[PDB]
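Working notes, structure below.
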Amino acid sequence: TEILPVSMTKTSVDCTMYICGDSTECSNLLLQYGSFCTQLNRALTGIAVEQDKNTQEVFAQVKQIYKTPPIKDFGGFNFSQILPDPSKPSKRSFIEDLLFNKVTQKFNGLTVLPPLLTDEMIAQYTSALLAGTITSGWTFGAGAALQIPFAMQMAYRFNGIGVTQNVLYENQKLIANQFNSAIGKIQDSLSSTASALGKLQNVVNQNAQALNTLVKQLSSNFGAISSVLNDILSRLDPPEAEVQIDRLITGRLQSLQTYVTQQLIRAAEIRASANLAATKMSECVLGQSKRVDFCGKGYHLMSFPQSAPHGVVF
Amino acid sequence: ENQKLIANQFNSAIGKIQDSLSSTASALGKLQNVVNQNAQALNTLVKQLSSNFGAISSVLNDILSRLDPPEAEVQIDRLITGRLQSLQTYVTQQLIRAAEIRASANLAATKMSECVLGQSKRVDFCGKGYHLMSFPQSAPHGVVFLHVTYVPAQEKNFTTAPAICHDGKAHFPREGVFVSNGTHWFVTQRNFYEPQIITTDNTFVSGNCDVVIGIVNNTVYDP
Amino acid sequence: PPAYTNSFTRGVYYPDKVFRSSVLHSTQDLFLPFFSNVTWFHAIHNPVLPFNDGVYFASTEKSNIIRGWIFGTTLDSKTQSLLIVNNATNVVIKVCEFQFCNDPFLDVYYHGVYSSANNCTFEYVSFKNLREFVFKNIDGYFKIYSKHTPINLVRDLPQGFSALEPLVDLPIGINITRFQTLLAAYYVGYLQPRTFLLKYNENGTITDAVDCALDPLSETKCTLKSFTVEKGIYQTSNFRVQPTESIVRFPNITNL
Amino acid sequence: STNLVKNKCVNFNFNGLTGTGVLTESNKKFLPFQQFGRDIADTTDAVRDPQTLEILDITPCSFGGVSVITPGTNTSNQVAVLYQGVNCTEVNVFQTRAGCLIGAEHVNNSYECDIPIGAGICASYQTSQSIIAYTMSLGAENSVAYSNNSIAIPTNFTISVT
Ligand SMILES: *[C@@H]1O[C@H](CO)[C@@H](O[C@@H]2O[C@H](CO)[C@@H](O)[C@H](O)[C@H]2NC(C)=O)[C@H](O)[C@H]1NC(C)=O
Ligand SMILES: *[C@@H]1O[C@H](CO)[C@@H](O[C@@H]2O[C@H](CO)[C@@H](O)[C@H](O)[C@H]2NC(C)=O)[C@H](O)[C@H]1NC(C)=O
Ligand SMILES: *[C@@H]1O[C@H](CO)[C@@H](O)[C@H](O)[C@H]1NC(C)=O
Ligand SMILES: *[C@@H]1O[C@H](CO)[C@@H](O)[C@H](O)[C@H]1NC(C)=O
Ligand SMILES: *[C@@H]1O[C@H](CO)[C@@H](O)[C@H](O)[C@H]1NC(C)=O
Ligand SMILES: *[C@@H]1O[C@H](CO)[C@@H](O)[C@H](O)[C@H]1NC(C)=O
Ligand SMILES: *[C@@H]1O[C@H](CO)[C@@H](O)[C@H](O)[C@H]1NC(C)=O
Ligand SMILES: *[C@@H]1O[C@H](CO)[C@@H](O)[C@H](O)[C@H]1NC(C)=O
Ligand SMILES: *[C@@H]1O[C@H](CO)[C@@H](O)[C@H](O)[C@H]1NC(C)=O
């Protein structure tokens, strides 16, 4: 079970309200810096749109959202763990629900934009991708989808890794039992072992400390008299108030520039992982990757994307 | 068998390229926005020469002429700290943007090695579909590829079965699943229907019949 | 009972003498807002209109009847008053002060008046045609911009655009908050701290200018610094919900 | 001490604790010695009225930007303002998950996305024609007839040059 971040918290910090909120002196002192605040906004909006671009490049690689027929004669493979359950109000399958349960405001200055693809839409794309993987095999990403039985999918899918196709047609019962027992072992691991999703709690964690550290920068002295603009305005005479607010604007703008620079570095990192996930779906889900040790240790058959918060799970 | 038709589609797509360039302003969106990003990066770099940055003004000569050097020195100190911070921000943004450009440049080198200098097997790497070749067409601060790909269009529903037992021996297809047109059964690859007469040349025996799921009885020609 | 019509795209002037070519340089200063009410005046049976941040004056004088202005703040025979005379194709400006009567007006029954002075400080002498004269005082300088465009229409203002090049600089330096014209359709406007997105052509002539805060598309154009806005969704600005009045709470009364 | 107002953004000064927000009824129990609440980010969340021991939330006023959903001047001239992530009460109007949307009517039909809005909402000018805002449908909802023993192998193809 490979764990990969794809998108991130599409925070779009509004710099003007982040620093100067209901403060004429702060507004007039930030106006001097000019293009810094606007460029921070532009960079952050670029980040915000680029997690979306990652999300379509990862999940929205399918032309038409397919639906698995209610009858599931897979020849032995039990997919009810990952195929969506109509019983739940949101059609996220059981394992995806386990993912979301495993992974655990927006009012300081840091209003988060909701994803264009809401969680239901992400789950629907993953269901379409996995239904294409089962029903259409791999051609659904290389043209129009082509009906093909799951057992006949192995007629080429073993052939991908140099294992003859006859292995399935002579060992299908035990292969299906092995896959089902394996996926049950992932069930139990996610139930009890918290380090399986290590990379997704990693990404969501460093996002959480990024946001929290940024918002506690508001409480940092930065070498001023305090970190309360209203108190500074009320107390200080304007000649000293302007200087102290300048200290605050320097410190807080440096903090926000550092935040967005680390966010750009982390966004390039998540872009690397998102192109990695797009390549692993295209080669590996929408096909069969030949890159050794790319889709996990050992020769690789197929992958089943399972949407997880701020990431994907193979 | 259809080389002339292949040429027809190729030239038709090339003709559509001019239309994409002309009628659409977002056809070259990536290169256009990269040239832009650079353009307003240098532009804002220029504007911070006008930004006061907490100084009395943005003219060093004006500061020195207006006030005595004991305070003018501090004024240009603050102004020059602001300018240096602006240049540091520009160079860090340039480093990250150039890291993105380097990722895209290694990606383009990979597409040219595997895809121009070869035939890449990575799906969705050289366009949507089974890739054929590429043509680099340089544009300023970038490059353009013409990903000739293969995309099936028209389908037809047939019947399948993994194996065939003629004399009690199973027969599996080497490449391309078994298909039938309704009366006779044929072999064809995945991405283009082209029937074969089911013979021992395209089949290999493996195991008995009752172990195979979905197998149907069938007649095998004897060469 | 003044009538109110639409100003269309009127009230755009070259803010400064710097020359720009093929650039959409936006600017913000005391401007006449787009699509604002215009207080049309006429001579039936002559009050003082507020100067405000700026004054826009337009007239249609085929026979050249409207040629004078009296500006000031108190007009108590102590403050200098702008006085413009256009006689024999000569522009005459003087700031002398004279006593006023109960109803000071110029002999205009159906087709001038000037007594002695007290303090004089500044002396200077230089339908078919629509003449525009914006009036404003920036940094102590009184500025007049003129533009005469030959049209054939009298019922209302044309639906087009035209710039307002300047003529003279008047460095009076005196604060002005009121004015009053002296006398056949002429309009009056008012300048407000608006913001435009000017468009200079190849030869440096303003071919079109758009307001910023007129409509959402106007704000999008003002933010993008362009006139042709392509498809898509553009983040223009923010919005706040202001507190209603206040809430102050403290313990009270306690026991006795 | 004046009066206290719920569900309307207003300043507040509770025992020296100033700030701005909207006070809402909450069901969070407080210990008798605990006066005001807190969140993980050291941000005030709940404050109890000194006069009456009632637990009141504190919530952002509106925040959110002002987006402008417009088609290109090549096609139309009409606008559609989206107020990001605000209830359509302080600010025809079709409330969305992404925010309070103005100038477009909800469409009960679902089409291809043209100008993404947020949380699945998409806008378009075509159907007179006017700006709309509906729930996005990614491509025609397909259901390939997955089969026990049937295939659909292409008989023809195309060779594009992307
Ligand atoms: C596929 O696996 C699922 C389990 O995820 C099976 O559903 C449950 O299996 C348990 C195991 O004994 C039964 O006790 C339950 O009654 C089943 N149904 C529920 C929980 O609703 C499912 O039966 C399996 N299907 C196949 C064809 O193997
Ligand atoms: C696959 O489709 C192409 C069209 O895209 C077919 O080309 C046609 O061929 C016939 C002769 O067989 C010509 O009369 C038509 O003019 C061709 N089409 C066009 C658009 O020029 C091709 O025949 C098809 N192949 C198969 C096997 O059906
Ligand atoms: C195959 O396709 C044809 C044409 O759409 C249809 O009439 C027929 O019922 C289909 N058969 C199956 C098995 O889906
Ligand atoms: C299938 O192809 C064979 C080829 O000889 C032909 O005889 C038969 O009529 C075809 N049947 C159908 C249903 O197309
Ligand atoms: C699927 O086809 C096989 C062919 O051998 C048959 O035995 C089996 O009963 C079929 N199952 C269904 C559900 O149609
Ligand atoms: C296939 O043919 C064999 C004859 O050897 C017969 O025993 C078997 O029952 C047949 N199976 C089917 C599914 O027709
Ligand atoms: C600028 O002036 C030249 C005069 O040679 C004229 O040809 C040109 O058309 C003018 N530009 C515009 C935009 O009218
Ligand atoms: C853009 O304008 C051109 C000019 O006629 C027109 O041909 C084209 O159709 C327009 N674009 C769209 C998407 O209609
Ligand atoms: C908007 O406020 C009303 C109460 O005035 C509430 O019932 C509704 O749920 C709110 N909207 C959302 C999206 O929460």
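Residue numbers (the deposited numbering), protein chains in the order written: chain C, 724 to 827, 853 to 1062; chain E, 918 to 1140; chain D, 25 to 69, 81 to 146, 158 to 172, 186 to 242, 263 to 335; chain V, 530 to 620, 641 to 676, 689 to 723.
Using N, Cα and C, we set each Cβ at its ideal position, and we do this for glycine too.
Query                                                                                                                : Result
Residues that V:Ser591 contacts on chain E, provided the C-beta gap is smaller than 7 Å                              : What V:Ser591 touches in chain E: nothing, since even the nearest Cβ is about 30 Å away.
Closer than 7 Å: C:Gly799 CB and nearest ligand 6 heavy atom                                                         : no
Contact between the stretch 645-664 of chain V and the stretch 750-760 of chain C (3+ Cβ pairs under 8 Å)            : no
beta-carbon E:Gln957 near ligand 1 non-hydrogen atom, thresh 7 Å                                                     : no
D:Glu191 versus D:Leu54: straight-line alpha-carbon distance, rounded                                                : 17 Å
Anticipated Cβ contact below 8 Å, C:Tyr741 with C:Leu1004, distance rounded                                          : 7 Å
Residues bridged to D:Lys278 (per DSSP)                                                                              : D:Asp287
Selection of the stretch 309-334 of chain D by Cβ proximity to chain C, strictly under 7 Å                           : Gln314, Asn317
When C:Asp985, C:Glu773, C:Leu1001 are compared against C:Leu966, the one with the closest alpha-carbon              : C:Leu1001
Alpha-carbon spacing of C:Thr768 relative to V:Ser698, whole angstroms                                               : 25 Å
When D:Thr236, D:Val143, D:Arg44, D:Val127 are compared against D:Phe168, the one with the closest alpha-carbon      : D:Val127
For C:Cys738, three-class secondary structure by DSSP                                                                : helix
Per-residue contacts from C:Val963 into chain A (C-beta, under 7 Å)                                                  : Annotation note: the requested chain A is absent from the structure, which comprises protein chains C, E, D and V.
Buried versus exposed call for D:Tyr269 [16 or more other C-beta atoms within 10 Å across all chains shown]          : buried
Close beta carbons around C:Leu821, own chain, < 6 Å, minus the five adjacent residues each side                     : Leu938
Within chain E, partners of V:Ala713 - CB distance below 8 Å                                                         : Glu1072, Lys1073, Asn1074, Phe1075
Where the beta strand (DSSP E) containing D:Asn122 begins and where it ends                                          : 118-122
Contact set between E:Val1068 and chain C, taken where Cβ atoms lie within less than 9 Å                             : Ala890, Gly891, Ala892
Nearest residue (CA-CA) to D:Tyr200, options D:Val227, D:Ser50, D:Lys300, D:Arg237                                   : D:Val227
Distance cut-off 7 Å: C:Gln1005 Cβ against heavy atoms of ligand 1                                                   : no
Contacts of C:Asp737 in chain D (Cβ-Cβ under 9 Å)                                                                    : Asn317
Burial state of C:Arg905 (16 or more Cβ within 10 Å)                                                                 : buried
Cross-strand partners of E:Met1050 (DSSP beta bridge)                                                                : E:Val1065
Option in C:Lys825, C:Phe782, C:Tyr789, C:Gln1054 with minimal Cα separation from C:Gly946                           : C:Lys825
Between the CA atoms of E:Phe970 and E:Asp994 - distance to the nearest angstrom                                     : 11 Å
Three-state secondary structure (DSSP) of E:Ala1020                                                                  : helix
Residues bridged to V:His655 [DSSP beta-bridge criterion]                                                            : V:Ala694
Member of C:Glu725, C:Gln913, C:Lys776 whose CA lies at the smallest distance from the CA of C:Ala1015               : C:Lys776
Closer than 7 Å: D:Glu191 CB and nearest ligand 7 heavy atom                                                         : no
Three-state class that DSSP yields for E:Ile1115 in the structure shown                                              : coil
Span separating the alpha-carbon of C:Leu916 from that of E:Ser1123                                                  : 11 Å
Any C-beta of chain V under 8 Å from that of E:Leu1063                                                               : yes
Cross-chain neighbours of D:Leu296 in chain V, by beta carbon under 9 Å                                              : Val597, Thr599, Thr602, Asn606, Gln607, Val608
Cβ shell of C:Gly908 (< 6 Å), same chain only, five flanking positions each side left out                            : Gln1036
Given 8 Å, three or more beta-carbon pairs between the stretch 953-966 of chain E and the stretch 982-998 of chain E : no
Interface positions of the stretch 119-135 of chain D facing chain V (Cβ-Cβ less than 7 Å), listed along the chain   : none
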